[PDB]
């Protein structure tokens, strides 16, 4: 099983290193024959002699094209003839590619921004994490005395805890008598002992939580000032710190540094992403937070250091357990994308689709288009189109509801109608499909690049779902469930890709055609069920709707829907099909995107209401949840009223716990690009002045204190809140938080 791959340099030549694990043994395979390359579209083949003689001078060494090779590829389905230009080293590619482009005989270059390691895995057909190997994992965390804005690595690390499946220990240079605490003499010996532990355990995966931007980086900085060789790699090497724009990333050669933080942000929606919120989300019980204000007073006084030693041990153990749950899912994603677990776990959906498309492009001799230049990127950002159909719901309570949704509407449309930039308005075909309203035509004579890819994807999902039915191993069934679910997410994101401004295969006309077809298909089904089958559709959004027959009994509502399923699915073309979501006793549709609906087993499903939003305080969510749980399940408005009158009196009496009053809002940009101040924006400026890290994506936790005027003039971060000196704005959380949320349901 392939874990990772990079390249070293030997006698000036690159040698790919394939880090493997076979039969429980670490191995490293070496490939010395692979070379970097770009593609060049030449005006005349005769100009290749002048193009070879294009030279650059990097590192004081004259760099040149080492091999020119003319190849025939397809560019948006059309055969193209380009020159494959090879270089000696991947590092001199960025220095010479601009001069190759600048040649007047070169129309353009292609595939010039693909890293050497990822180029190798693609061109060789190598899929990481494929195989039957159990990976050994070790989690670790550190406890420091670092201050916000206090450089980085200047404060000493106090504690280093680690945890695997066999133990969880704390290493420290402070006298603590706990049986899991190993007291060393110096901070240096604490770090060195940690290095031996990792070396002795030799784990395939090092698990951290936010280790890319703190724990690992701080460890490297402390080892720098203290003069310690931070040897962690299986090749005797130090972890490497790279930059990802607003973010840093730490890589440990020979192992996989699995930072859980970028994975949780992209997999789970949470109000905040502290290790304790995460723990309380995936696992049942909570965690006993230990704040940096206590860790300083615990060193100073020396007392209570047992507590922080326990919290350091709990962080490591919780990090390991969360890692053991999320690593299998991310392993399946790396297999699907075909890139390393290290890179897959830290990249966005758009980047995962790019790597997948680039691989599939290689398999089909499809030359990849370049990412847009500045003007084109901006043009794509300034461009939009119409999307899904959202029916204004029949607002109120309704009884006896059936839900019918399309199966992968986007991918079904793209495959059925061959929606692809290589088929759009393609000339000379015998068969065409025309997108409604927008009128774009798509050639059906030959499979387009993307539609053919989606067909293989939806195929593969059926093959995985089939095995998942007829397999015994509950772990294997789960791993397969990960795969088929990942295939569905990957496929369904392909519609929006066509409108992604950074996409190589960007096609606004294609994206326009998917939504236009989807709008036609849903409105046609909604009309058919209301015409021929006497149904009344209540709520409808994009690919699905909620319908019923007024007055009809619960059973005949079901049996008449199944009747409509076989009717509409016959006339439906291609892979377009309607499925049966489920029957639900009652359902209140407050407004567009805002509804809730109760199944037969008395478990409410909630969508769009303030209950699920993170920018609403828990006191408002809980009350709305309890209020909605009344009218939906117990139908009691009088109780619902007693709940509102209840929670208002606790707030006015200042008895509701302040933690139920924090609002979680995200910073989405540089604080200076904001053209309108808000509560969370003003709190962010205070933290920015305090030295606190303030970047796009930082969740702001703040409370509104009592007073009058701008909410932002009365808002402070929660870590600055103190009931002994602060008084919270109860009136605000009554009039602007609790009362508006409960009003929507009662109205």
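Positions refer to the first chain, counted from 1.
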* Asked: On average, are the C-alpha B-factors higher in 8 to 16 or in 719 to 727?
  -> 719 to 727
* **Stretch with the higher entry mean CA B-factor, where the candidates are 85 to 93 and 615 to 623** => 615 to 623
* Between 437, 288, 431, 187, which one tops the list for C-alpha B-factor in the PDB entry? -> 288
* **Top Cα B factor in the deposited entry, candidates 378, 394, 204, 108** => 394
* Relative C-alpha B-factor of residue 28, binned into the chain's lowest, middle or highest third -> lowest
* Structure fact -> In terms of its chain's C-alpha B-factors, the third that includes residue 65 is the middle
* Asked: Is the Cα B-factor recorded for residue 257 in the lowest, middle or highest third of its chain?
  -> lowest
* Taking the chain's C-alpha temperature factors as the reference, tell me which third residue 41 falls into: lowest, middle or highest. => lowest
* Considering only modelled residues of the same chain, in which third does the CA B-factor of residue 241 rank: lowest, middle or highest? -> middle
